[PDB]
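Remarks on the structure that follows.
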Amino acid sequence: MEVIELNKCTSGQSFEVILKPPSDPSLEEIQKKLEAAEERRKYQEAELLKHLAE
Amino acid sequence: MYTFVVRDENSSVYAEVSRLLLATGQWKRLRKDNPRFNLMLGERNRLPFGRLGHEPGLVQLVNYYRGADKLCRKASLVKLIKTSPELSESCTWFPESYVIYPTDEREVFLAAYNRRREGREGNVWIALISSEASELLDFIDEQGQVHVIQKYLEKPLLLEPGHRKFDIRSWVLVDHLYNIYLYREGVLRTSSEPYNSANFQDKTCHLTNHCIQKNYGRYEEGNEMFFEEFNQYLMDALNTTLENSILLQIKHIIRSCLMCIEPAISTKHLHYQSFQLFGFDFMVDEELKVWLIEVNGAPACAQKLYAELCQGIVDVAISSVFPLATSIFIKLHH
Amino acid sequence: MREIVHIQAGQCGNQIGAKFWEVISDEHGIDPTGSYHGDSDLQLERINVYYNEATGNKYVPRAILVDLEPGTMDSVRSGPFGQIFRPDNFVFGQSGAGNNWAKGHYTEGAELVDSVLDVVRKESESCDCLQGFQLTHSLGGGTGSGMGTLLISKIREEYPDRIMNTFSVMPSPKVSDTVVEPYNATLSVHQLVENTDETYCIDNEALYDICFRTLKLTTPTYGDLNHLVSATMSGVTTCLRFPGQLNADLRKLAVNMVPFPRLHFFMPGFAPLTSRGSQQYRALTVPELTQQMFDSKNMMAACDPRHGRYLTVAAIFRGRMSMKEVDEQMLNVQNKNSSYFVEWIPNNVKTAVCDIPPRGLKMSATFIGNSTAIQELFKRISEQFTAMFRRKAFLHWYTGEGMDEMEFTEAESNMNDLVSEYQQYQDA
Amino acid sequence: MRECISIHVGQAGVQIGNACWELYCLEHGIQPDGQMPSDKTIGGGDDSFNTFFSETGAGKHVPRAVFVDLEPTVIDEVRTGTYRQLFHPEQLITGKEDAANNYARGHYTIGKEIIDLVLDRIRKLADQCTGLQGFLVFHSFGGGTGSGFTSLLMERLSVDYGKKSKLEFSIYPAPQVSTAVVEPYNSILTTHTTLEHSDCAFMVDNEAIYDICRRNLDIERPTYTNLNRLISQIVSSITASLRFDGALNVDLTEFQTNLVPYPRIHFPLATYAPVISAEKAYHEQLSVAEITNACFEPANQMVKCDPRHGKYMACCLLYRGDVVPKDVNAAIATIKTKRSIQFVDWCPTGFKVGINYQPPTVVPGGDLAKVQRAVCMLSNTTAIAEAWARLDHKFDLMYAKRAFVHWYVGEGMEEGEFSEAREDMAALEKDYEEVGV
Ligand SMILES: Nc1nc2c(ncn2[C@@H]2O[C@H](COP(=O)(O)OP(=O)(O)OP(=O)(O)O)[C@@H](O)[C@H]2O)c(=O)[nH]1
Ligand SMILES: Nc1ncnc2c1ncn2[C@@H]1O[C@H](COP(=O)(O)OP(=O)(O)CP(=O)(O)O)[C@@H](O)[C@H]1O
Ligand SMILES: Nc1nc2c(ncn2[C@@H]2O[C@H](COP(=O)(O)OP(=O)(O)O)[C@@H](O)[C@H]2O)c(=O)[nH]1
Ligand SMILES: COc1ccc(/C=C/C(=O)c2ccc(OC)c3c2OC(C)(C)C=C3)cc1N
Ligand SMILES: [Ca+2]
Ligand SMILES: [Mg+2]
Ligand SMILES: [Mg+2]
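Residue numbers (the deposited numbering), protein chains in the order written: chain E, 6 to 28, 44 to 74; chain F, 1 to 103, 126 to 149, 161 to 247, 252 to 362, 372 to 380; chain B, 1 to 428; chain A, 1 to 437.
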C-alpha cells in the first residue's frame, strides 16, 4: 500500500512497497586436510605395491 | 500397466482401494520405497510431498491434498474460519469456538462467558462437558495438548422412539481438477441411551462416537442409520424431506469450506497431482439447522458402503488420470 | 584421457582382436594400407583413442600382438587387415602354452612377458594422456588365460593409476577344446577380480546358443561366434570412438558402473542379432531395439537377467533416430520392470545415441549391464571345477609346472566369494 | 565503482559462462573483438558496466572472468570460439585429465596440483581492481570438477579475500540431463564444504529449465545450448543492477541484505516470465499484471517447489522493459488478495522493486522472442528445501549400502566425511523447518 524509497534515473526506477509490518578455516588447516588425504593415497598405493611384490 | 505404492498401515479405505486396483489386472503394486510409481497412497503423518512429480516419464498422483490439514485439525479449522473472509466470525453454520493453549484467545473467551451469564441462558461448552468456565480450564492444562472450547448444542434434534442424539457423516471426494463430489449415501451415528436434559456429567448419551459407544445396536444395526430410513422418518415425524431440511445446508457447508482453501491447496498447475477423500461431521438441531463439527483427513467408511465408495474413488479420482485400456456422487458446482 | 593401449593374447584373443580392428577401421574409414578414405570428419575427431598417427598421414592401431605360439600370429599377419599393424608390435614365443594356465602364468609365459612390456612402454611413452589398457583373451586356454592375467598383473605394477579393461571369453562344454578349461577359467577369474577395473564377460555358451537357436545355424564355427563378438566390441567402444553429448571415458565408465570394486563384470548385449553375410531388410523400430537388447536371447553372457537385479545399466543406440523416442522407451522399460533394477541406486540407466550406424545394420543397440545374474556364469564354472578338483583330476599338468593344490583352493574360494557377494545384493 | 570477478568451474560453469558473457556483450553493445562504439572514455573509466568489463589502451573491453576446467575439451571451444579475442588466454585455465564424476578426485587429487595456479591468475585480475567487492562462482553440483574443485576454491577465497563477498550460481542435478550416477553424492559433499563460504546462492534445477524449454519454447529434446541461453537470461536479470545505473542491488553486499536474513538459509528462488518462442508466429504481448502473476506459478520457477507451503523472508521483483510503478503496485494489490503469500512473523510483507526501461536482449536466431516487458522475481522462500529433501533421500539410498563410496575413499577422502556432510544437510533441512512451519 505504502510506496517508500523511490529513486528515479534515466535507466529506470526502483522502490520498496510494504504491505504489512512485522510481529572459516585457515591456510594451514586447508593444507593439513589436503596432505592427510595424500598420505592415505600413498599408503594405499604402497600396500598395493607390497601385495604385488609378494 | 500402471504402478502404485501403499504407505498407510491402518487405512481400511485404501486397503480396499489397492485391492480393487490389483483386481482390474492393470495395476501392479510395488514395494514401499520404490520411487518409480504412478500413484501414491501415502502415510498419515509426514508425507514426502516434495518428492512427488519429479520422476521423468511418469505422471504422479497422490491421495492427499497438501495443506488440507488446515481444515482437518481442530485448532486450524477454528482459526481458518475466524480468519478466512470467505467465512469470518459472521458464520451461522459453525458454532462459537475458541483455542486455548496450556502453559491464544482467553480475553475473547471470557467476554462470551460474561454476556451469556447476563441473560442467564445456556452456558454449556465442550472439549469432558461442563457448564462452569474455570472448572474446564484445569482439564486443558492436565492433558498437555492444545484443545478447542466449542459451544455445546443444548437443544439437538431427537430421534423417536428413544429421545436420542445423532451426528451425520458425509463423504466428500475432491479430484485432481478440484471437482467437489458428495457421496449420495451418508450415515447417522446414534446414541441408544436417551439424551439427558439437565445433567451435563453423563457420557454415553452426549457423545455419539462409534468407538466410545461400544444398549449397543438397539434400534438399528450397529448404531448406524442409512439415508433412506432417515428420509422416511423425517417425512412422517416432521412432514419434510432429507433433501430439503438437512442436505441443502450440508452441501453449502462443504462447498464453502473447500472453496476457501482452493487457492492454497489446488494442484491445477503443479508437477504432481492430488485427490482426497474427506469426512465431514454434522449436527442437526431442533429447528432443523445444520452445524459443522469437524473435517476428517483420513476418514473411516461405514461397513456396508465400502464396496461402492471405493469403486467410486477408482472411477473418478484414479481412472480419470489413468484410463483403462456411472456417477454415484453429487457434483457441487462452483 | 584419450589414448587406449590394446593388447591381444593367445588364439582367441588374437582372433577376436583382429576382427575388432577389422570392424572399427571400416567405421573410421581406414583401409588395410593405413590411409584414410572415409567421407566424414566425425570419423577422425577421436581417432587418437585407438589409432596412432603415422608417417606421412597414415594411422596405426596402437596395439600389441601376443602369443606363446607363432601359429595364430602368422594368420593375423597374412589376413585382410594384417598389414596395418606395426611390425615391432608382434611379440611371439615358440613352444606354445598347450592349454595350460601354469605354462602361461609361471613358466613359458614368464620368459616372454618382459618383451611384451617393452612394447607396452614404447606405446605408452608416445601417449599424450593415457587412459588405460584393453585386453582381448579367452580364460580357457594357456596363453590368453595364463599369460594374459600375468601381463595384467605386471601392467598394474608399472601403471597403478590407469584403467584395466578386458574382453574375456568364458569357456563352455558346448564349444570346448580341453577338459581343463574350468581350471584355467577359475584361476583367471581370481586374477580379474583383483586386478581389472572392467570386464566384459563374453560367454561361449551364450554365443553358441544365439548362433544355434536365434540365428538358426545348426553347426556354428568360431567365425560365426566371432561375428557376434566383434559386433558387440564395436558397440561397447562406440562412445570412446565417436563424439557424443557426454565426454565418454574408461574411468567415467568404471566410476558410474561399479558400486563395489569387486563387482565389475558386465553382461554385454546386442540388438539386432544377425548371422554372417545374410542381410536383414526390415530396419528395427526404437521400441523393438529396446525390447530385444534387454531380452535374455540377446545377452552375450548365458545368464537370465530375471534371475537377478541390475545394479547399473549403460545403453548405446546407433543410427538416425528420434532421441525422445529413445528416452521414452528406456524409461518405459525401467517403469514396467522396476523390480529388476535396484531401488538403492537411483537413475541407474544411462543412454547415449550415436548417429553413425555399424556396417549393414541401419539402426542398432548395444547393452552394458552390471547385473547380479552374472553369478550364474561363475557358478557354472565353479560346478565344473569341483567335479574334477574333488578327485584332483588332470592336476598333474599344473603341479608339474610348480603349482600347488593350495592355489587352486584359493582360486575356488575367491570365485565362490564373488558369487555370494553378487548374491548379497540380489536380496538387498 | 566496485568490480566483480566471475569464476566459471567445470563444463557447466564454463558453458553457462559462455552464454552469459555473450549476452552481457549484446546488452552493453560490445562486439566479438572487444570493441564498444558507445564508450567515449577510451582506455578506462568507472561506469556501472566497468564492474564486469575492464578496459585497455587499445579500446578493448575485457571480461573480469576466469574460466577453469580440469579438462581441455570445453575451454578449447572458448579459445577457438566466436568470442576468442574478448579474453586474454591467461584467463582460460585447463588441466590434462578431469575429475571423472568424482568429488574427491576434484577436491583432493587433481585439485591440489592446479589450485595455486588458479588463485595466482585470480590475483592477477584482482590487482587490476581499484576496489574489488567480490566474486560470482558458476558451477555444477554434480560434476567432479564442479563440486570438487569449486569447494576447494571457495575455501581458499575466504582466506585470500576474507573481506569480499562470494555468490554462487549452481546447477542442481536432474535425471533428464544427468551425466553421472553419483551426482547426489557430489551435491551433498560440495554444499557442506561451500555453505559457510557462500554469501548468497542461486540454484538452477536443470529439470525446471528442461521443462520450460519443452513447454514454452516448443523444443522436443532441449540441448545444453537451449538451457544455457535461458539460464543466462535469468543470470543477466540478477546481475543487471550491478552493470546498470540504479539504486536497488547496487553491490553484492546488498544482495545479502535484501535476500539473506539468516546466513545459512541463503538460497533464494528465482522465477522468470515471460519465456516466449521466437518461432511462434502470433503472440499477444503480456502486461505488467500478467507477468507478475506468472512469478507465483511453479512452472516458471528455476526450481520446482510450492511456495504456498512455506514462508517468505524477502521478495525482489526485477523488471526489464516498459514498466511503471503504478502498474506494478496495482498488480501486487490484485495478487495478494488471490494467492497464499505467507511471510515469517519477524519480516515485513514487502516487495523491493527494480525497473530498467531497456527491455531484455535476445541472441539473434535463438529460441527466445523479443518481449516489451519481462520480470525476474527473487524470493527467499523456505519452499526451496523441497530440492534439499529430494537430493538427501537419493543420497540416503546409495549411502545405506555404501555404494560407490570406495571411489571417494580411494582418492584419500575418509568415509566419515560423507556422514558429516549428510548431518550438516539434515541440520539445514531442520533450519528451514523452524523458519517455515
Ligand atoms: N544447464 C547446464 N547443465 C550442465 C551443462 N553441462 C553439464 N551440465 C550438468 O552438470 C552436471 C555434470 O557436471 P559437469 O559440469 O558436466 O562436470 P565437470 O564439472 O566438468 O566435472 P568432471 O567432468 O566430472 O570433472 C550434470 O548434472 C549435467 O546435467 C550445461 O552446459 N548447462
Ligand atoms: N458443540 C457441540 N454440540 C453438540 N454436540 C457436540 C459438539 N461438539 C461435539 N459434539 C458431539 O461429540 C461427538 C464427537 O465429535 P468430535 O469431533 O468432538 O470428536 P471426534 O473427532 O473423535 C469425532 P470423528 O472421529 O467423527 O472426527 C460428536 O458425535 C458430536 O455429536
Ligand atoms: N569365441 C571364441 N572362442 C575361442 C576362439 N578360439 C578359442 N576359443 C576358446 O578359447 C579357449 C581356448 O583358448 P585359446 O585362445 O585357443 O588358447 P591360448 O591361445 O593358449 O590362450 C576355448 O575355451 C575355446 O572355446 C575364437 O576364435 N572365438
Ligand atoms: C549408472 O548410470 C551411468 C552408467 C554409465 C555412465 C558412463 C558414462 C561414460 O562416460 C561412458 C564411458 C564409456 C562408454 O563406453 C563403454 C560409455 C559411457 O556412457 C554412455 C552412456 C555414453 C555409453 C557408454 C554414466 C552413468 N550415469
Ligand atoms: Ca570507459
Ligand atoms: Mg587353442
Ligand atoms: Mg568435465
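C-beta: ideal position from N, C-alpha, C; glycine also.
Let me see if you follow: with CB-CB separation under 8 Å, is E:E65 close to chain B or not?
The residue you call residue 65 of chain E lines up with position 45 of the first sequence. Answer yes: the Cβ-Cβ gap between E:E65 and chain B drops below 8 Å somewhere.
Name the chain A residues whose beta carbon is nearer than 8 Å to that of B:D249?
Taking the first residue of the third sequence as position 1, residue 249 of chain B is located at position 249. Per Cβ cutoff of 8 Å: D98 and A100.
Beta carbon proximity, B:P243 to chain F, threshold 8 Å
Taking the third sequence and counting its residues from 1, one reaches residue 243 of chain B at position 243. It does not; no Cβ of chain F falls within 8 Å.
If I follow the unbroken alpha helix (DSSP H) through B:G223, where does it start and stop?
Locating residue 223 of chain B in the third sequence gives position 223, where the first residue counts as 1. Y222 to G235 is the span of the alpha helix (DSSP H), which, as asked, contains B:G223.
Exposed unless 16 or more other CB atoms sit within 10 angstroms - verdict on F:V130
As a working mapping, residue 130 of chain F is identified with position 108 in the second sequence. Exposed, since its Cβ has fewer than 16 Cβ neighbours within 10 Å.
Could you tell me the distance, in whole angstroms, from the CA atom of F:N34 to the CA atom of B:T366?
Position 34 of the second sequence holds residue 34 of chain F. Position 366 of the third sequence holds residue 366 of chain B. Their backbone Cα atoms lie some 27 Å apart in a straight line.
Do the CB positions of F:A337 and F:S12 come within less than 8 Å of each other?
Walking along the second sequence from the start, residue 337 of chain F turns up at place 300. Walking along the second sequence from the start, residue 12 of chain F turns up at place 12. Contact flag set, yes.
To the nearest whole angstrom, what separates the beta carbons of B:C129 and A:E411, a pair I think is in contact under 8 Å?
Stepping through the third sequence from its first residue, residue 129 of chain B is reached at position 129. Stepping through the fourth sequence from its first residue, residue 411 of chain A is reached at position 411. The pair is not a contact, with the Cβ atoms about 19 Å apart (cut-off 8 Å).
For F:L307, go through chain A and note every residue whose CB falls closer than 8 Å to its CB, in chain order.
For the purposes of this step, residue 307 of chain F is taken as residue 270 along the second sequence, with counting starting at 1. Think of a sphere of 8 Å around the beta carbon of F:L307: the chain A residues whose beta carbon falls inside it are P298 and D306, in chain order.
Thinking C-beta only, is A:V303 closer than 8 Å to A:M377?
In the fourth sequence, residue 377 of chain A corresponds to position 377, counting from 1. In the fourth sequence, residue 303 of chain A corresponds to position 303, counting from 1. Cβ distance not < 8 Å, so A:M377 and A:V303 don't count as in contact.
Inter-stretch contact at 8 Å, needing at least 3 Cβ pairs: the segment 355-362 of chain F / the segment 47-56 of chain B
Result no; under three Cβ-Cβ pairs closer than 8 Å.
Taking just the CA atoms, how far does A:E290 sit from A:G350?
Your numbering for residue 350 of chain A matches position 350 in the fourth sequence. Your numbering for residue 290 of chain A matches position 290 in the fourth sequence. Their backbone Cα atoms lie some 19 Å apart in a straight line.
If the cut-off is 8 Å on Cβ atoms, which residues from the segment 50-63 of chain F count as contacting chain B, listed in chain order?
Going along the segment 50-63 of chain F in chain order, one finds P56, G57 and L58 with a Cβ nearer than 8 Å to chain B.
By Cβ distance, which residues of its chain are closer than 8 Å to B:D39, with the 5 residues on each side in sequence left out?
By 1-based counting over the third sequence, the position of residue 39 of chain B is 39. These residues qualify, in order along the chain: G29.
Below 8 Å on the Cβ atoms is my guess for B:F389 versus B:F408; work out the distance and round it to an integer in Å.
Taking the first residue of the third sequence as 1, we reach residue 389 of chain B at position 389. Taking the first residue of the third sequence as 1, we reach residue 408 of chain B at position 408. Yes, B:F389 and B:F408 are in contact; Cβ-Cβ is about 6 Å, under 8 Å.
Indicate, with yes or no, if ligand 1 has a heavy atom lying under 7 Å from the CB of A:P173.
One-based indexing of the fourth sequence puts residue 173 of chain A at position 173. It does: the Cβ of A:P173 is within 7 Å (strictly closer) of some heavy atom of ligand 1.
Among A:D396, A:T292, A:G81 and A:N300, the one whose alpha carbon lies nearest that of A:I355
Counting from one through the fourth sequence, the residue named residue 355 of chain A turns up at place 355. From the listed residues A:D396, A:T292, A:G81 and A:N300, the smallest Cα separation to A:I355 is found for A:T292.
A:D396 to B:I16 span [Cα, whole Å]:
By one-based count along the fourth sequence, residue 396 of chain A stands at place 396. By one-based count along the third sequence, residue 16 of chain B stands at place 16. For A:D396 and B:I16, the gap between their C-alpha atoms comes out near 43 Å.
What residues of chain A sit near E:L47, judged by a beta carbon separation below 7 Å?
For the purposes of this step, residue 47 of chain E is taken as the residue at position 27 of the first sequence. By Cβ distance, chain A contributes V159.
Presumed contact (8 Å Cβ cut-off) between A:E113 and A:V137, rounded CB distance
The residue labelled residue 113 of chain A in the question sits at position 113 within the fourth sequence. The residue labelled residue 137 of chain A in the question sits at position 137 within the fourth sequence. No, A:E113 and A:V137 are not in contact; Cβ-Cβ is about 20 Å, not under 8 Å.
Any C-beta of chain A within less than 7 Å: which residues of the segment 306-334 of chain B qualify?
Listed by position, the residues of the segment 306-334 of chain B near chain A (Cβ gap below 7 Å) are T312, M323 and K324.
With distances taken between CB atoms, is the gap from B:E22 to B:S234 smaller than 8 Å?
Sequence index remark: in the third sequence, residue 22 of chain B carries index 22 (1-based). Sequence index remark: in the third sequence, residue 234 of chain B carries index 234 (1-based). Judged by their CB atoms, B:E22 and B:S234 are not nearer to each other than the 8 Å cut-off.
Determine which residues of the segment 379-399 of chain A have a Cβ less than 7 Å from any Cβ of chain F, and write them out in chain order.
For the segment 379-399 of chain A, which is checked against every Cβ of chain F, the residues closer than 7 Å are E386, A389, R390 and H393.
Considering Cα atoms alone, identify which of B:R380, B:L361 and B:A54 is closest to B:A271.
The count along the third sequence starts at 1 and reaches residue 271 of chain B at position 271. Among B:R380, B:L361 and B:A54, the Cα nearest to that of B:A271 is on B:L361.
Return the residue from the list B:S126, B:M147, B:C127 and B:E125 that minimises the CA-CA distance to B:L135.
To locate residue 135 of chain B, count along the third sequence from 1; it is residue 135. For the residues B:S126, B:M147, B:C127 and B:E125, the minimum Cα distance to B:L135 belongs to B:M147.
Determine the direct distance from the alpha carbon of B:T33 to that of B:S115, and round the result to whole angstroms.
Within the third sequence, the letter at position 115 stands for residue 115 of chain B. Within the third sequence, the letter at position 33 stands for residue 33 of chain B. Rounded to the nearest angstrom, the two C-alpha atoms are 27 Å apart.
Cα-Cα separation between F:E89 and F:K79, rounded to whole angstroms:
Against the second sequence, residue 89 of chain F aligns to sequence position 89. Against the second sequence, residue 79 of chain F aligns to sequence position 79. Approximately 10 Å between the Cα atoms of the pair.
Burial state of B:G71, where buried means 16 or more other Cβ atoms lie within 10 Å
What you label residue 71 of chain B is simply residue 71 of the third sequence in a count that begins at 1. By the neighbour-count definition (other C-beta atoms within 10 Å, threshold 16), B:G71 is an exposed residue.
Nearest-angstrom Cα distance between B:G223 and B:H6?
Taking the first residue of the third sequence as position 1, residue 223 of chain B is located at position 223. Taking the first residue of the third sequence as position 1, residue 6 of chain B is located at position 6. Their Cα atoms are separated by approximately 21 Å.
Along the chain, where does the beta strand (DSSP E) that runs through B:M170 open and close?
For the purposes of this step, residue 170 of chain B is identified with residue 170 of the third sequence, where counting begins at 1. Looking at the DSSP string, the run of the beta strand (DSSP E) that includes B:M170 is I163 to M170.
Rounded distance between the beta-carbons of A:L391 and A:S187, thought under 8 Å
Along the fourth sequence, one-based indexing puts residue 187 of chain A at 187. Along the fourth sequence, one-based indexing puts residue 391 of chain A at 391. Going by Cβ atoms, the distance from A:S187 to A:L391 rounds to 6 Å, so yes, they are a contact pair.
Against chain B, with Cβ distances strictly below 8 Å, would E:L69 count as a contact?
Here residue 69 of chain E is taken as the residue at index 49 of the first sequence, counted from 1. Chain B, which has a Cβ nearer than 8 Å to the Cβ of E:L69, makes this yes.
State the Cα-Cα distance for the pair B:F20 and B:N226, rounded to the nearest angstrom.
Mapped onto the third sequence, residue 20 of chain B falls at position 20. Mapped onto the third sequence, residue 226 of chain B falls at position 226. One C-alpha to the other measures close to 9 Å.
Roughly how many angstroms separate the alpha carbons of F:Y65 and A:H88, rounded to a whole number?
Here residue 65 of chain F is taken as the residue at index 65 of the second sequence, counted from 1. Here residue 88 of chain A is taken as the residue at index 88 of the fourth sequence, counted from 1. Taking the straight line from one Cα to the other gives about 56 Å.
Just the Cα atoms here: how many angstroms apart are B:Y183 and E:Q51?
Sequence index remark: in the third sequence, residue 183 of chain B carries index 183 (1-based). Sequence index remark: in the first sequence, residue 51 of chain E carries index 31 (1-based). Roughly 51 Å separates the two Cα atoms.
Can you give me, in chain order, the residues of the segment 285-302 of chain F that have a beta carbon less than 7 Å from any beta carbon in chain A?
Answer set for the segment 285-302 of chain F: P300 and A301.
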